[PDB]
Amino acid sequence: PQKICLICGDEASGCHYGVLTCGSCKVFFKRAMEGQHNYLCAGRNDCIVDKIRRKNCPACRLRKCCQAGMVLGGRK
Amino acid sequence: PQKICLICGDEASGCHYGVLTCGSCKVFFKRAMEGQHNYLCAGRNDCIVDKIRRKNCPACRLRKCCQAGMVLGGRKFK
DNA sequence: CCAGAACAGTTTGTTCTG
DNA sequence: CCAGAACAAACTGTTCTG
Ligand SMILES: [Zn+2]
Ligand SMILES: [Zn+2]
Ligand SMILES: [Zn+2]
Ligand SMILES: [Zn+2]
């Protein structure tokens, strides 16, 4: 039918850092946790994270990753 | 003495399309108005437009541009 | 000076590799 | 199959031109 990324609703590529996600949320999460960016939502931590706008709010996209269960860790 | 962009609060470069802006807002405004995309704010049409985050929500940045008085035009003469 | 164009750096996303 | 690396397209911002 089609695997859907639990972060953004794009087509998922596989189970990454614990969660069914697309390729972009995969690198995103990795890059976000890794560098210290201190991302702050410019709205109210409310943002819809979807395919077209996922890059809009890194704070909300990262928060969604963390709530979906994504966890850092290199090749289990 | 430093001139402040009225859209994002960065340092302003001049008066562009009718208001005090930085060069990034200047082009953003023209690209946005001429592009094929009517941006949909993923929040509440409320977003803060400041230097670090101006890129975050093009819908709200464009809204802020238009509300500030920015208007498309060609190269006008005095 | 400022709009538009051209150029350039930054960012996000996709394909390659072990 | 999946992390991480290498690659690449897309997007945002800066310097050049009339
Ligand atoms: Zn995704
Ligand atoms: Zn947000
Ligand atoms: Zn600005
Ligand atoms: Zn917004």
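Hydrogens, waters and symmetry mates are skipped; everything else that's a heavy atom, side chains included, is used. Chain letters run A, B, ... following the sequence lines, proteins first, then strands; residues in each count from 1.
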Are the side chains of A/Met33 and A/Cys66 in contact, using a 4.5 Å heavy-atom criterion?
yes
At under 4.0 Å, does any side-chain N or O of B/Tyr39 touch on OP1 or OP2 of D/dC11?
no
Mind checking if A/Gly23 touches a base, just sugar-phosphate, or nothing, with heavy atoms under 4.0 Å?
base
Within the supplied structure, the quantity of interest is the number of heavy atoms (other residues, nucleotides, ligands) at a distance under 6.0 Å from B/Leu72 CG; does it exceed 12?
yes
Could you state the CG-P distance from A/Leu72 to D/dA3, rounded to the nearest angstrom?
10 Å
Please report, rounded to the nearest Å, how far the P atom of C/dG4 is from the CE atom of B/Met70.
11 Å
Quick check: on DNA chain C, is the nucleotide nearest B/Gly18 upstream (toward 5') of the one nearest A/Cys22, or the reverse? Name the residue that is more 5'.
B/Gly18
Quick one: B/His16 NE2 to D/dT15 P, roughly how many Å, whole number?
13 Å
Does the ring of A/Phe28 carry A/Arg61 above it, NZ/CZ under 6.0 angstrom from centre and within 45° of its axis?
yes
Starting at CZ of B/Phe28 and ending at P of C/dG4, how long is that distance when rounded to a whole Å?
16 Å
Within 6.0 angstrom of A/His37 NE2, more than 12 heavy atoms from elsewhere:
yes
Any non-hydrogen side-chain atom of A/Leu6 less than 4.5 Å from a side-chain atom of A/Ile4?
no
Any N/O donor-acceptor pair, B/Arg31 side-chain to C/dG4 base, under 3.5 Å:
no
Quick check on DNA chain C: between B/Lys55 and B/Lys30, whose nearest nucleotide comes earlier from the 5' end?
B/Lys30
Just wondering, are more than 12 heavy atoms of other shown residues or ligands nearer than 6.0 Å to CZ in A/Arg63?
no
A/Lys26 vs D/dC2: side-chain N/O to OP1/OP2 distance below 4.0 Å
no
Mind calculating the distance between NZ (A/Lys3) and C1' (D/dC1) to the nearest angstrom?
10 Å
N/O (side chain, B/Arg61) to phosphate O (OP1/OP2, D/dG13) under 4.0 Å:
yes
Rounded to whole angstrom units, what separation is found between the CG atom of B/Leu20 and the P atom of C/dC2?
9 Å
Round to a whole Å and report the spacing from CZ of B/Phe29 to P of D/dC11.
20 Å
Just wondering, are more than 12 heavy atoms of other shown residues or ligands nearer than 6.0 Å to CG in A/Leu20?
yes
Can you give me the dot-bracket string for DNA chain C, 5' to 3', counting Watson-Crick and G-U wobble pairs with both distances under 3.5 Å, using [ ] for crossing pairs and | for partners on another strand?
.|||||||||||||||||
